[PDB]
């Protein structure tokens, strides 16, 4: 089978603004038979008052609540239009917002019934001046998070504590069961002279605790290839060492392109197949 569990649309303010239809036609050309549209869920307006760092990381993060009816209408149209070629699932990439579980639970209880798939992703941590982005830019990550936690490794461990909290969280019946790109702390790796070759024993132990809990919860992992195409990353989320531990625990992986346009569709698919073997 050939499944992409992680794609975005014209409803993503920071994407290419390519039409989802052109992305779906490209997925069919590359022989995908299953395809999840998991657009960024709208952020809590309370959360957005409590941020620092580049405002664009927050203003551009996701669509507004008022776009949701238009999002569901468009995606449901595309799902039916291409049903004979491609099984399309509709849902969200849901932010795990530390301290805003009530907002996320209320959102999932309201809109969860309109969805068929989901990814729960950590994109924001407490940092200098308030909540800060993990994935906006190397310089913003340095100033907001790395310097705040005391260094690249301290940032890794704060990030993994957030991931662990996302797995433990009670977000009700409609909580996604697929955890998004669980090594996103490596997106700007090379800016700090870091790579996946030298994870400390403490980082490794934190990954083992996270994988044991994923297995106990019967969750699965986003095998996310976007990192291969980020100029300061060069790695899958997660890397091979983590993939091997997860596979030994029989945690399922779903390939995720994290596509924000047509050119992203299918990217790193061969690397997914090989990295699993």
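Residue numbers count along the first chain shown, from 1.
Chemist: Would you mind comparing 65 to 73 and 218 to 226 for me and telling me which has the higher average C-alpha temperature factor in the entry?
Modeler: According to the PDB entry, the answer is 65 to 73.
Chemist: Averaging the C-alpha B factors as listed in the entry, name the stretch that ends up higher: 154 to 162 or 168 to 176.
Modeler: Taking the mean C-alpha B-factor of 154 to 162 and of 168 to 176, the larger value falls to 168 to 176.
Chemist: Which has the highest CA B-factor per the PDB entry: 126, 140, 85, 93?
Modeler: In this record, 85 carries the highest C-alpha B-factor of the candidates.
Chemist: Maximum C-alpha temperature factor per the entry, among 132, 105, 187, 181, belongs to which one?
Modeler: The C-alpha B-factor peaks, among 132, 105, 187, 181, at 105.
Chemist: Split the chain's modelled residues into thirds by Cα B-factor; is residue 114 in the lowest, middle or highest one?
Modeler: As the PDB entry reports it, the C-alpha B-factor of residue 114 lands in the highest third of its chain.
Chemist: Using the B-factors in the PDB entry, rank residue 252's C-alpha atom against the chain and give the third, lowest, middle or highest.
Modeler: Answer is middle: the recorded C-alpha B-factor places it there.
Chemist: Where does residue 39 sit by CA temperature factor within its chain: lowest, middle or highest third?
Modeler: Its C-alpha B-factor, which the entry lists for residue 39, ranks in the lowest third among residues of this chain.
Chemist: Select lowest, middle or highest to describe the third in which the CA B-factor of residue 148 falls within its chain in this entry.
Modeler: As the PDB entry reports it, the C-alpha B-factor of residue 148 lands in the lowest third of its chain.
Chemist: Considering every modelled residue of the chain and its Cα B-factor in the PDB entry, is residue 271 in the lowest, middle or highest third?
Modeler: Middle third - that is where residue 271 ends up once the chain's C-alpha B-factors are sorted.
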